[PDB]
Structure formats: structure tokens, C-alpha cells
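model04.pdb, holding PDB, C-alpha atoms:
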```pdb
ATOM      1  CA  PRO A   1      68.806 112.173 111.838
ATOM      2  CA  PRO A   2      70.477 109.145 113.051
ATOM      3  CA  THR A   3      74.211 109.334 113.809
ATOM      4  CA  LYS A   4      77.232 107.072 113.852
ATOM      5  CA  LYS A   5      80.591 107.404 115.536
ATOM      6  CA  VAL A   6      83.728 105.324 115.422
ATOM      7  CA  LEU A   7      85.581 104.899 118.703
ATOM      8  CA  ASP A   8      89.034 103.961 119.941
ATOM      9  CA  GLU A   9      89.892 101.640 122.928
ATOM     10  CA  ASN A  10      89.536 104.572 125.275
ATOM     11  CA  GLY A  11      85.975 105.368 124.118
ATOM     12  CA  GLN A  12      86.954 108.467 122.141
ATOM     13  CA  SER A  13      85.814 109.316 118.661
ATOM     14  CA  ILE A  14      88.165 108.870 115.708
ATOM     15  CA  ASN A  15      86.063 109.794 112.688
ATOM     16  CA  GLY A  16      88.382 110.831 109.921
ATOM     17  CA  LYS A  17      91.542 109.208 111.435
ATOM     18  CA  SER A  18      93.753 106.482 109.954
ATOM     19  CA  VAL A  19      93.912 102.858 111.141
ATOM     20  CA  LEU A  20      96.006  99.698 110.538
ATOM     21  CA  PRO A  21      95.082  96.423 108.747
ATOM     22  CA  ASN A  22      94.343  94.585 111.920
ATOM     23  CA  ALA A  23      92.006  97.272 113.322
ATOM     24  CA  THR A  24      88.675  96.384 114.963
ATOM     25  CA  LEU A  25      86.246  99.127 113.917
ATOM     26  CA  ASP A  26      84.005  99.825 116.949
ATOM     27  CA  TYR A  27      80.928 101.721 115.822
ATOM     28  CA  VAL A  28      78.212 103.287 117.989
ATOM     29  CA  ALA A  29      75.051 104.082 116.032
ATOM     30  CA  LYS A  30      72.028 105.923 117.284
ATOM     31  CA  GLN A  31      68.444 105.517 116.272
ATOM     32  CA  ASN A  32      67.117 108.857 117.324
ATOM     33  CA  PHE A  33      63.663 108.929 118.949
ATOM     34  CA  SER A  34      64.318 111.739 121.418
ATOM     35  CA  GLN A  35      62.725 114.173 119.015
ATOM     36  CA  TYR A  36      59.407 112.283 119.135
ATOM     37  CA  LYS A  37      58.973 112.783 122.875
ATOM     38  CA  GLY A  38      55.233 113.523 123.514
ATOM     39  CA  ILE A  39      54.082 112.588 120.001
ATOM     40  CA  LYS A  40      50.507 111.453 119.261
ATOM     41  CA  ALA A  41      50.850 109.596 115.960
ATOM     42  CA  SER A  42      47.875 108.178 114.117
ATOM     43  CA  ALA A  43      47.415 104.445 114.018
ATOM     44  CA  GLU A  44      48.163 104.163 110.340
ATOM     45  CA  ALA A  45      51.432 106.071 110.770
ATOM     46  CA  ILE A  46      52.399 103.710 113.609
ATOM     47  CA  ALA A  47      51.601 100.639 111.575
ATOM     48  CA  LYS A  48      54.241 101.561 109.023
ATOM     49  CA  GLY A  49      56.810 100.768 111.699
ATOM     50  CA  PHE A  50      60.385 101.494 112.575
ATOM     51  CA  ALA A  51      63.642 100.395 111.083
ATOM     52  CA  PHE A  52      67.331 101.122 111.384
ATOM     53  CA  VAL A  53      69.855 100.619 108.611
ATOM     54  CA  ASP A  54      73.634 100.253 108.653
ATOM     55  CA  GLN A  55      75.547 100.289 105.317
ATOM     56  CA  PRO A  56      79.276  99.447 105.440
ATOM     57  CA  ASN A  57      81.332  99.767 102.298
ATOM     58  CA  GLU A  58      83.454  97.007 100.589
ATOM     59  CA  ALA A  59      86.279  97.287 103.240
ATOM     60  CA  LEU A  60      84.573  95.738 106.203
ATOM     61  CA  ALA A  61      83.853  92.137 106.942
ATOM     62  CA  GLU A  62      82.876  90.369 110.039
ATOM     63  CA  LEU A  63      79.953  92.061 111.736
ATOM     64  CA  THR A  64      79.476  91.542 115.420
ATOM     65  CA  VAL A  65      76.429  93.071 117.085
ATOM     66  CA  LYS A  66      77.805  93.680 120.577
ATOM     67  CA  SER A  67      74.664  95.192 121.952
ATOM     68  CA  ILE A  68      71.434  96.941 121.190
ATOM     69  CA  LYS A  69      70.216  99.098 124.080
ATOM     70  CA  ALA A  70      67.693 101.768 124.782
ATOM     71  CA  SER A  71      68.748 104.871 126.624
ATOM     72  CA  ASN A  72      66.996 103.691 129.797
ATOM     73  CA  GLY A  73      69.300 100.643 129.831
ATOM     74  CA  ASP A  74      66.823  98.145 128.282
ATOM     75  CA  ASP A  75      68.315  95.379 126.105
ATOM     76  CA  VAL A  76      66.015  95.592 123.087
ATOM     77  CA  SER A  77      67.586  93.082 120.689
ATOM     78  CA  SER A  78      64.791  90.570 121.091
ATOM     79  CA  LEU A  79      62.267  93.259 119.919
ATOM     80  CA  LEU A  80      64.067  93.680 116.564
ATOM     81  CA  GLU A  81      64.407  91.405 113.555
ATOM     82  CA  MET A  82      67.725  91.622 111.740
ATOM     83  CA  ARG A  83      68.032  91.148 108.004
ATOM     84  CA  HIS A  84      71.167  91.201 105.816
ATOM     85  CA  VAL A  85      70.091  92.459 102.409
ATOM     86  CA  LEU A  86      71.982  92.263  99.106
ATOM     87  CA  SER A  87      70.513  93.044  95.725
ATOM     88  CA  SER A 105      67.170 104.865 100.571
ATOM     89  CA  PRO A 106      69.871 102.224 100.143
ATOM     90  CA  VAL A 107      70.146 100.002  97.141
ATOM     91  CA  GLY A 108      73.146  97.575  97.344
ATOM     92  CA  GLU A 109      74.270  95.603 100.435
ATOM     93  CA  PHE A 110      73.240  96.512 104.026
ATOM     94  CA  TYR A 111      71.982  95.472 107.448
ATOM     95  CA  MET A 112      68.527  96.319 108.714
ATOM     96  CA  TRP A 113      66.745  96.006 112.077
ATOM     97  CA  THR A 114      62.982  96.461 112.093
ATOM     98  CA  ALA A 115      60.688  96.366 115.171
ATOM     99  CA  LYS A 116      58.632  93.170 115.366
ATOM    100  CA  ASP A 117      55.637  94.861 117.001
ATOM    101  CA  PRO A 118      55.394  98.498 115.846
ATOM    102  CA  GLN A 119      52.692  99.395 118.407
ATOM    103  CA  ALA A 120      54.389  98.149 121.531
ATOM    104  CA  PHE A 121      57.711  99.563 120.374
ATOM    105  CA  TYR A 122      56.081 102.975 119.770
ATOM    106  CA  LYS A 123      54.665 103.024 123.248
ATOM    107  CA  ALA A 124      57.698 101.780 125.116
ATOM    108  CA  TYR A 125      60.402 103.693 123.258
ATOM    109  CA  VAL A 126      59.374 106.103 120.534
ATOM    110  CA  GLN A 127      56.616 108.026 122.285
ATOM    111  CA  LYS A 128      58.846 108.279 125.414
ATOM    112  CA  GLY A 129      61.790 109.688 123.410
ATOM    113  CA  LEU A 130      64.141 106.765 124.229
ATOM    114  CA  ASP A 131      67.024 106.533 121.679
ATOM    115  CA  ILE A 132      68.324 103.099 120.735
ATOM    116  CA  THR A 133      72.117 102.585 120.586
ATOM    117  CA  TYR A 134      73.553  99.849 118.328
ATOM    118  CA  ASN A 135      77.146  98.824 119.161
ATOM    119  CA  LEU A 136      78.573  97.075 116.129
ATOM    120  CA  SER A 137      82.120  95.953 115.321
ATOM    121  CA  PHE A 138      83.774  94.909 112.115
ATOM    122  CA  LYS A 139      87.161  93.800 110.847
ATOM    123  CA  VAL A 140      88.939  95.001 107.745
ATOM    124  CA  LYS A 141      89.146  92.598 104.766
ATOM    125  CA  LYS A 142      92.739  91.500 104.175
ATOM    126  CA  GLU A 143      92.516  92.452 100.440
ATOM    127  CA  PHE A 144      91.599  96.057 101.244
ATOM    128  CA  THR A 145      95.083  97.563 101.607
ATOM    129  CA  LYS A 146      94.264 101.171 100.968
ATOM    130  CA  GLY A 147      91.612 103.787 100.678
ATOM    131  CA  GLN A 148      88.724 104.697 102.840
ATOM    132  CA  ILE A 149      86.651 102.577 105.191
ATOM    133  CA  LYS A 150      83.101 103.890 105.317
ATOM    134  CA  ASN A 151      80.060 103.233 107.311
ATOM    135  CA  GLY A 152      76.688 104.975 106.947
ATOM    136  CA  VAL A 153      73.339 104.872 108.719
ATOM    137  CA  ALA A 154      69.708 105.631 108.062
ATOM    138  CA  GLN A 155      66.451 105.344 109.870
ATOM    139  CA  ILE A 156      62.829 104.867 108.870
ATOM    140  CA  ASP A 157      60.072 106.157 111.124
ATOM    141  CA  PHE A 158      56.379 105.928 110.371
ATOM    142  CA  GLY A 159      57.495 105.036 106.821
ATOM    143  CA  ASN A 160      59.671 108.163 106.243
ATOM    144  CA  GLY A 161      63.401 107.512 105.540
ATOM    145  CA  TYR A 162      66.162 109.805 106.881
ATOM    146  CA  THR A 163      69.915 109.333 106.171
ATOM    147  CA  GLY A 164      72.438 110.168 108.837
ATOM    148  CA  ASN A 165      76.189 110.624 108.577
ATOM    149  CA  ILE A 166      78.958 108.507 106.977
ATOM    150  CA  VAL A 167      82.058 107.806 109.075
ATOM    151  CA  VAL A 168      85.314 107.595 107.159
ATOM    152  CA  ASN A 169      88.746 106.130 108.128
ATOM    153  CA  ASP A 170      91.860 105.731 105.936
ATOM    154  CA  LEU A 171      93.461 102.221 105.848
ATOM    155  CA  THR A 172      97.248 102.538 105.842
ATOM    156  CA  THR A 173      99.331  99.417 105.148
ATOM    157  CA  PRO A 174     102.840  99.753 106.544
ATOM    158  CA  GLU A 175     105.951  99.482 104.411
ATOM    159  CA  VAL A 176     109.671  99.066 105.180
ATOM    160  CA  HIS A 177     113.048  98.671 103.489
ATOM    161  CA  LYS A 178     116.493  97.284 104.058
ATOM    162  CA  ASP A 179     119.739  98.395 102.605
ATOM    163  CA  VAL A 180     123.372  97.411 103.093
ATOM    164  CA  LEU A 181     125.877 100.159 103.299
ATOM    165  CA  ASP A 182     129.632 100.426 103.716
ATOM    166  CA  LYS A 183     128.797 102.501 106.757
ATOM    167  CA  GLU A 184     126.074 104.859 108.011
ATOM    168  CA  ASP A 185     125.117 107.787 105.682
ATOM    169  CA  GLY A 186     127.634 106.105 103.298
ATOM    170  CA  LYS A 187     126.515 104.366 100.087
ATOM    171  CA  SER A 188     124.582 101.180  99.161
ATOM    172  CA  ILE A 189     126.802  98.174  98.451
ATOM    173  CA  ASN A 190     123.916  95.846  97.652
ATOM    174  CA  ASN A 191     124.993  92.986  95.342
ATOM    175  CA  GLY A 192     128.589  94.173  95.799
ATOM    176  CA  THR A 193     131.829  92.694  97.211
ATOM    177  CA  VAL A 194     133.135  92.950 100.778
ATOM    178  CA  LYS A 195     136.695  92.008 101.847
ATOM    179  CA  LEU A 196     137.044  89.470 104.664
ATOM    180  CA  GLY A 197     137.396  91.029 108.138
ATOM    181  CA  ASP A 198     135.754  94.281 106.975
ATOM    182  CA  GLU A 199     132.583  95.820 108.536
ATOM    183  CA  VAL A 200     129.257  96.565 106.798
ATOM    184  CA  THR A 201     126.217  98.334 108.067
ATOM    185  CA  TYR A 202     122.679  97.136 107.545
ATOM    186  CA  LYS A 203     120.097  99.921 107.473
ATOM    187  CA  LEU A 204     116.523  99.033 108.377
ATOM    188  CA  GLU A 205     114.138 101.813 107.234
ATOM    189  CA  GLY A 206     111.176 102.010 109.601
ATOM    190  CA  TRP A 207     107.685 103.078 108.553
ATOM    191  CA  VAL A 208     106.777 106.622 109.410
ATOM    192  CA  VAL A 209     103.601 106.281 111.413
ATOM    193  CA  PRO A 210     101.403 109.217 110.223
ATOM    194  CA  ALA A 211      99.869 112.042 112.134
ATOM    195  CA  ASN A 212      96.073 111.994 112.265
ATOM    196  CA  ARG A 213      95.903 108.396 113.272
ATOM    197  CA  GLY A 214      93.231 106.874 115.401
ATOM    198  CA  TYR A 215      95.423 104.708 117.657
ATOM    199  CA  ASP A 216      98.366 104.944 119.985
ATOM    200  CA  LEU A 217     101.438 102.897 119.480
ATOM    201  CA  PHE A 218     102.218  99.986 121.747
ATOM    202  CA  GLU A 219     104.689  98.159 119.434
ATOM    203  CA  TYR A 220     107.387  99.385 117.055
ATOM    204  CA  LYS A 221     109.940  96.670 116.453
ATOM    205  CA  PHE A 222     112.400  95.103 114.024
ATOM    206  CA  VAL A 223     113.386  91.442 113.835
ATOM    207  CA  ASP A 224     116.426  90.767 111.696
ATOM    208  CA  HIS A 225     117.581  87.217 110.885
ATOM    209  CA  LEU A 226     121.377  87.790 110.624
ATOM    210  CA  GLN A 227     123.422  85.215 108.696
ATOM    211  CA  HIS A 228     125.514  84.511 111.860
ATOM    212  CA  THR A 229     127.853  81.979 110.141
ATOM    213  CA  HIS A 230     129.245  84.806 107.976
ATOM    214  CA  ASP A 231     128.396  88.098 109.844
ATOM    215  CA  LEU A 232     129.421  88.959 113.440
ATOM    216  CA  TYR A 233     127.084  91.332 115.255
ATOM    217  CA  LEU A 234     129.122  94.221 116.675
ATOM    218  CA  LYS A 235     126.682  97.027 117.521
ATOM    219  CA  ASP A 236     123.582  99.030 116.537
ATOM    220  CA  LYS A 237     122.180 102.555 116.494
ATOM    221  CA  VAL A 238     118.622 103.806 116.184
ATOM    222  CA  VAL A 239     117.765 107.304 115.014
ATOM    223  CA  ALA A 240     114.659 109.429 114.532
ATOM    224  CA  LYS A 241     113.655 109.807 110.884
ATOM    225  CA  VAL A 242     111.292 112.768 111.651
ATOM    226  CA  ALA A 243     110.794 115.351 114.345
ATOM    227  CA  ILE A 244     108.774 113.620 117.029
ATOM    228  CA  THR A 245     106.319 115.516 119.295
ATOM    229  CA  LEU A 246     105.202 114.004 122.575
ATOM    230  CA  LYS A 247     101.861 114.673 124.232
ATOM    231  CA  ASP A 248     103.301 117.150 126.642
ATOM    232  CA  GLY A 249     104.777 119.200 123.771
ATOM    233  CA  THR A 250     108.425 118.057 123.926
ATOM    234  CA  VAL A 251     109.868 117.879 120.373
ATOM    235  CA  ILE A 252     112.543 115.262 119.607
ATOM    236  CA  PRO A 253     114.612 116.463 116.672
ATOM    237  CA  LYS A 254     114.953 114.363 113.572
ATOM    238  CA  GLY A 255     118.354 112.661 113.652
ATOM    239  CA  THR A 256     118.227 112.204 117.452
ATOM    240  CA  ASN A 257     119.710 109.024 118.869
ATOM    241  CA  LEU A 258     116.790 107.059 120.295
ATOM    242  CA  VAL A 259     118.766 104.377 122.091
ATOM    243  CA  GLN A 260     117.478 104.818 125.599
ATOM    244  CA  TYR A 261     113.881 104.289 124.417
ATOM    245  CA  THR A 262     114.691 100.867 122.975
ATOM    246  CA  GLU A 263     115.774  97.416 123.926
ATOM    247  CA  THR A 264     118.053  95.357 121.680
ATOM    248  CA  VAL A 265     118.538  91.533 121.936
ATOM    249  CA  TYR A 266     120.757  89.251 119.903
ATOM    250  CA  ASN A 267     120.946  85.450 120.056
ATOM    251  CA  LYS A 268     124.402  84.423 118.736
ATOM    252  CA  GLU A 269     123.428  80.801 118.114
ATOM    253  CA  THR A 270     120.421  81.635 115.904
ATOM    254  CA  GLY A 271     121.239  84.992 114.329
ATOM    255  CA  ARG A 272     118.045  86.495 115.810
ATOM    256  CA  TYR A 273     118.346  90.204 116.316
ATOM    257  CA  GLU A 274     115.487  92.336 117.832
ATOM    258  CA  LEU A 275     115.205  95.992 118.461
ATOM    259  CA  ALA A 276     111.954  97.220 120.116
ATOM    260  CA  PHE A 277     110.678 100.512 121.486
ATOM    261  CA  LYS A 278     109.438 100.534 125.061
ATOM    262  CA  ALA A 279     105.693 100.756 125.377
ATOM    263  CA  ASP A 280     106.043 103.566 127.984
ATOM    264  CA  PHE A 281     107.857 105.780 125.467
ATOM    265  CA  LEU A 282     105.541 105.025 122.561
ATOM    266  CA  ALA A 283     102.503 105.914 124.685
ATOM    267  CA  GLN A 284     103.957 109.468 124.983
ATOM    268  CA  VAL A 285     103.984 110.149 121.299
ATOM    269  CA  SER A 286     101.165 112.498 120.174
ATOM    270  CA  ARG A 287      98.543 111.252 117.671
ATOM    271  CA  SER A 288      99.187 114.346 115.683
ATOM    272  CA  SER A 289     102.936 113.740 115.377
ATOM    273  CA  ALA A 290     104.475 111.415 112.818
ATOM    274  CA  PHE A 291     106.796 108.771 114.281
ATOM    275  CA  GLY A 292     109.617 106.790 112.670
ATOM    276  CA  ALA A 293     113.082 105.441 113.160
ATOM    277  CA  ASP A 294     115.919 103.937 111.062
ATOM    278  CA  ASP A 295     118.118 101.184 112.538
ATOM    279  CA  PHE A 296     121.809 100.807 111.640
ATOM    280  CA  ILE A 297     123.299  97.400 112.429
ATOM    281  CA  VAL A 298     127.101  97.044 112.193
ATOM    282  CA  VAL A 299     128.495  93.623 111.410
ATOM    283  CA  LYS A 300     131.914  92.225 110.687
ATOM    284  CA  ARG A 301     132.354  89.830 107.739
ATOM    285  CA  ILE A 302     134.112  86.751 109.179
ATOM    286  CA  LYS A 303     133.601  84.196 106.337
ATOM    287  CA  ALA A 304     133.659  83.910 102.568
ATOM    288  CA  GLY A 305     130.570  83.296 100.496
ATOM    289  CA  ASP A 306     127.238  84.930  99.793
ATOM    290  CA  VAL A 307     125.525  86.743 102.638
ATOM    291  CA  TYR A 308     121.781  87.454 102.563
ATOM    292  CA  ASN A 309     119.795  89.749 104.888
ATOM    293  CA  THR A 310     116.039  90.291 105.497
ATOM    294  CA  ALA A 311     114.046  91.792 108.289
ATOM    295  CA  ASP A 312     110.490  91.804 109.644
ATOM    296  CA  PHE A 313     108.865  94.905 111.070
ATOM    297  CA  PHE A 314     106.018  94.943 113.546
ATOM    298  CA  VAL A 315     103.853  97.891 114.291
ATOM    299  CA  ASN A 316     101.032  97.288 116.803
ATOM    300  CA  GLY A 317     100.921  93.588 115.825
ATOM    301  CA  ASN A 318     101.081  94.250 112.123
ATOM    302  CA  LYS A 319     103.963  92.499 110.365
ATOM    303  CA  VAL A 320     105.706  93.379 107.145
ATOM    304  CA  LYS A 321     109.009  92.319 105.564
ATOM    305  CA  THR A 322     111.809  94.169 103.906
ATOM    306  CA  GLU A 323     113.454  93.116 100.650
ATOM    307  CA  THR A 324     116.363  90.644 100.752
ATOM    308  CA  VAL A 325     119.824  92.092 100.304
ATOM    309  CA  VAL A 326     123.099  90.279  99.300
ATOM    310  CA  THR A 327     126.822  90.837  99.525
ATOM    311  CA  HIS A 328     129.689  88.531  98.372
ATOM    312  CA  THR A 329     133.033  87.819  99.908
TER     313      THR A 329
END
```

Would you mind writing the structure in this file as C-alpha cells?
Amino acid sequence: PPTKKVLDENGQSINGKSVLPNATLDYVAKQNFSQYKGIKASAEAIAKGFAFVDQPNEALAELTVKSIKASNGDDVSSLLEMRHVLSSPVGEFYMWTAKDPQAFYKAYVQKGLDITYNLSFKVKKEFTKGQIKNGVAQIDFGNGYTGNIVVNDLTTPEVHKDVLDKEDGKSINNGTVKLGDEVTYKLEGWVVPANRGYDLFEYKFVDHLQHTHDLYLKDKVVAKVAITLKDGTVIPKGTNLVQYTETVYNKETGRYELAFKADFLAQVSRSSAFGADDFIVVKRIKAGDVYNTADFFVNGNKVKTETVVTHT
């Protein structure tokens, strides 16, 4: 039985874990010949040859073969012929068959030397949920054997903005605000799920404040869920996360950023959820209609909130 794993940056397996739209899926697939060590196959069995099959589902796109190596270190790619088929599998798939069955049998199969295929793919931009699947099979001496299917959920992030009279107050969206008064923008972060196959290096809001009408006073960032770090420390929901963040505000452009420090985010356990809400307090200093939107970035993935309005 041939096998396939899916690996993270650190070379660890993440079969069954969730990933983000910009993931690179790094697959390691094994054509298993170690069980044939010492075999004495007949010549007609040998002449039926050897082939390895990889079948990705509709989620995956741009194949790169990064290497094909035997377990003794040999680069064997020039001994195989790759085909991409599209019409024991029966739809769309990749296949590698040995060009010279005899020589391949002697050098690799009869010696029990497994071949490892390192393949990477991207996710298609129009696959925004469900399961990313990749399966393998192998054909030896004309007999086909399926191996395992590796499965990963694709989670597209999602965020919201509201405008409030103040924190844990009420929405005033499309409402009126007296001149000189304060309002609070709430940016609702995505809860990054437990059972993910990646660590966080970026969790960040960019808010384009309408600086001609709104004066940035201050901000506050709070945990939306209990957060568990790798060493077991639990950070209660509702906790003020300020010292794990950096805020910057350019008064000439209205650009506001709040970002978590990479060193903190690295401490969060892959089996904890993670999320924060950001409250931005502004003072209304001019009459007219005041719009607000934000962008949210999680590990290089960008999404936008809705646009809110208030009137003065």
C-alpha cells in the first residue's frame, strides 16, 4: 500500500487539519517497494511494469514536482515518464510509469528501495470551503493497490465592523452623532480554529479612518475566546491583550494599524482557538457623513469588513 502525508513548514504531518486560502500543500508520497525485498518475479510479471498515481480533487491547482528520490538517495525522475490524464482511477490524475521495467526492477524493486515523490500544489481561488483531498495508488507487475486519501479543510476568514456609542454599548450604524461626541468602532476579528495545520505569524487590522471628520483618541484589544498557549497557560476570554500588540496611526492619511507580535502568536497552541476584537475610540470633529471600513490580515490572507456610516 502506498501512502501519502501532508506536511507543514516544520516537516510535521497535518493530515486532517485546516488550512488557509493561500496555503501551499506539501505532499510526500511513497511508492512502496520495501515489501518486495528478495523477490524473484517472472519475466512476464516484470514486463507489466510499475506505475505510481496521484489523484488530487477539484481544490488543487498548480502541481510542482519538487523531487522524486529513491530511499538510497538516487534521483530517479529521469527513469519515469509523467502523464497527466483526464477522461483504479477514472477521472483526472497524474501518473509516473517506469520507462524500462527490467532495469527499474533490478535497481529498485528487487532491492526493496521505496521511491518518495515530493509534490506541492496551491489551492484554487474559487474553492472557498470544504475539503482538499489527495489520494495515491500504485501498480506493480500489473496489480493495482490504492493507498490513503489525505484530507484538509479550507477555511476562508471572515470579519465584521460595527460602530457603537461605546464598548459593549449598542450599534449606531446609519445613525446620528452630535458634534464633539465620541464613538467607538468595533472590529470583529476572525476566530482562528483549533485543529489547524499552521502557526500564526500575522494577525492584524488596517482601518482607513476618515481623519477629516474623526479624531483618533485611543484603542483597546480584547480576547474573544479563552486562549491556550503551548506551555498550558490559559488567557481568559475578555482579557486585555494590549501588551501583545503594536498600534500605529498616521494622522495625515487616516491609516490605523493594530498587529499582534509574531513572538506572542508563535506561543498559541494549534489546538486552541484564537481571536480578538478591537475597539477604536474616535471623536467627531466635523459635520457630514462618516464612513468606516477595515482590512484584516491573517498569515498574509486579506479580507474586508462591511462599510459603516454615521451622520453629523

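If all atoms listed in the file are the atoms counted, then among A:71, A:3, A:119, A:151 the closest residue to residue 163 (chain A) is A:3.
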
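Closest approach to residue 242 (chain A) from the set A:74, A:294, A:170, A:26 is made by A:294, with distances taken over all atoms listed in the file.
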
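Taking only C-alpha atoms into account, residue 290 (chain A) lies nearest to A:213 out of the set A:268, A:213, A:328, A:230.
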
So what does the PyMOL selection byres ((chain A and resi 47) around 9) actually pick up in this one, as a ChimeraX atom specification? /A:42-46,48-50,117-119,158-159

Between CA of residue 244 (chain A) and CA of residue 171 (chain A), what is the distance in Å, rounded to a tenth? 22.1 Å

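Counting only C-alpha atoms and comparing A:53, A:58, A:9, A:292, the residue that lies closest to residue 146 (chain A) is A:58.
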
Could you list, as an MDAnalysis selection string, every residue within 7 Å of residue 232 (chain A), counting all atoms listed in the file and ignoring same-chain residues fewer than 4 positions away? chainID A and resid 228 299:302

Tell me which of A:86, A:304, A:79, A:7 sits closest to residue 120 (chain A), counting all atoms listed in the file. A:79

Shell around residue 280 (chain A) at 12 Å using only C-alpha atoms, local window under 5 positions removed, as a list in words: residues 216, 217, 218, 219, 220, 246, 260, 261, 262 and 285 of chain A

Deliver the residues from the most recent selection as a file, using C-alpha atoms, as a PDB file, in the coordinates of the input.
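Generated file (part_32.pdb):
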```
ATOM      1  CA  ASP A 216      98.366 104.944 119.985  1.00  0.00           C
ATOM      2  CA  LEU A 217     101.438 102.897 119.480  1.00  0.00           C
ATOM      3  CA  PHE A 218     102.218  99.986 121.747  1.00  0.00           C
ATOM      4  CA  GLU A 219     104.689  98.159 119.434  1.00  0.00           C
ATOM      5  CA  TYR A 220     107.387  99.385 117.055  1.00  0.00           C
ATOM      6  CA  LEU A 246     105.202 114.004 122.575  1.00  0.00           C
ATOM      7  CA  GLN A 260     117.478 104.818 125.599  1.00  0.00           C
ATOM      8  CA  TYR A 261     113.881 104.289 124.417  1.00  0.00           C
ATOM      9  CA  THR A 262     114.691 100.867 122.975  1.00  0.00           C
ATOM     10  CA  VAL A 285     103.984 110.149 121.299  1.00  0.00           C
TER      11      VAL A 285
END
```

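Between CA of residue 186 (chain A) and CA of residue 227 (chain A) there is a distance of 22.0 Å.
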
Between A:312, A:236, A:306, A:224, which residue has the minimum interatomic distance to residue 273 (chain A), considering only C-alpha atoms? A:224

Would you write out, as a compact mmCIF listing (two decimals) with C-alpha atoms, in the frame of the given file, every residue that the PyMOL selection byres ((chain A and resi 149) around 12) captures in this file?
```txt
# COMPACT_ATOMS: atom_id res chain seq x y z
CA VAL A 6 83.73 105.32 115.42
CA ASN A 15 86.06 109.79 112.69
CA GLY A 16 88.38 110.83 109.92
CA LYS A 17 91.54 109.21 111.44
CA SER A 18 93.75 106.48 109.95
CA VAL A 19 93.91 102.86 111.14
CA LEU A 20 96.01 99.70 110.54
CA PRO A 21 95.08 96.42 108.75
CA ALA A 23 92.01 97.27 113.32
CA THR A 24 88.68 96.38 114.96
CA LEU A 25 86.25 99.13 113.92
CA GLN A 55 75.55 100.29 105.32
CA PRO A 56 79.28 99.45 105.44
CA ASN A 57 81.33 99.77 102.30
CA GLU A 58 83.45 97.01 100.59
CA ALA A 59 86.28 97.29 103.24
CA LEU A 60 84.57 95.74 106.20
CA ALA A 61 83.85 92.14 106.94
CA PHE A 138 83.77 94.91 112.12
CA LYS A 139 87.16 93.80 110.85
CA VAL A 140 88.94 95.00 107.74
CA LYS A 141 89.15 92.60 104.77
CA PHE A 144 91.60 96.06 101.24
CA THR A 145 95.08 97.56 101.61
CA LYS A 146 94.26 101.17 100.97
CA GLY A 147 91.61 103.79 100.68
CA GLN A 148 88.72 104.70 102.84
CA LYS A 150 83.10 103.89 105.32
CA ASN A 151 80.06 103.23 107.31
CA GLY A 152 76.69 104.98 106.95
CA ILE A 166 78.96 108.51 106.98
CA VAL A 167 82.06 107.81 109.08
CA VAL A 168 85.31 107.60 107.16
CA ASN A 169 88.75 106.13 108.13
CA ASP A 170 91.86 105.73 105.94
CA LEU A 171 93.46 102.22 105.85
CA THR A 172 97.25 102.54 105.84
```

Around (125.6, 85.1, 117.6) in the file's frame, which residues reach within 9 Å when counting all atoms listed in the file? Return as a ChimeraX atom specification? /A:226,228-229,231-233,266-273

Could you save those same residues with C-alpha atoms as a short mmCIF file (atom, residue, chain, number, x, y, z; two decimals), in the frame of the given file?
```cif
data_model
loop_
_atom_site.label_atom_id
_atom_site.label_comp_id
_atom_site.auth_asym_id
_atom_site.auth_seq_id
_atom_site.Cartn_x
_atom_site.Cartn_y
_atom_site.Cartn_z
CA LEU A 226 121.38 87.79 110.62
CA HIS A 228 125.51 84.51 111.86
CA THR A 229 127.85 81.98 110.14
CA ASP A 231 128.40 88.10 109.84
CA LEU A 232 129.42 88.96 113.44
CA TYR A 233 127.08 91.33 115.26
CA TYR A 266 120.76 89.25 119.90
CA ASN A 267 120.95 85.45 120.06
CA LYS A 268 124.40 84.42 118.74
CA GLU A 269 123.43 80.80 118.11
CA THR A 270 120.42 81.64 115.90
CA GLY A 271 121.24 84.99 114.33
CA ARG A 272 118.04 86.50 115.81
CA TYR A 273 118.35 90.20 116.32
#
```
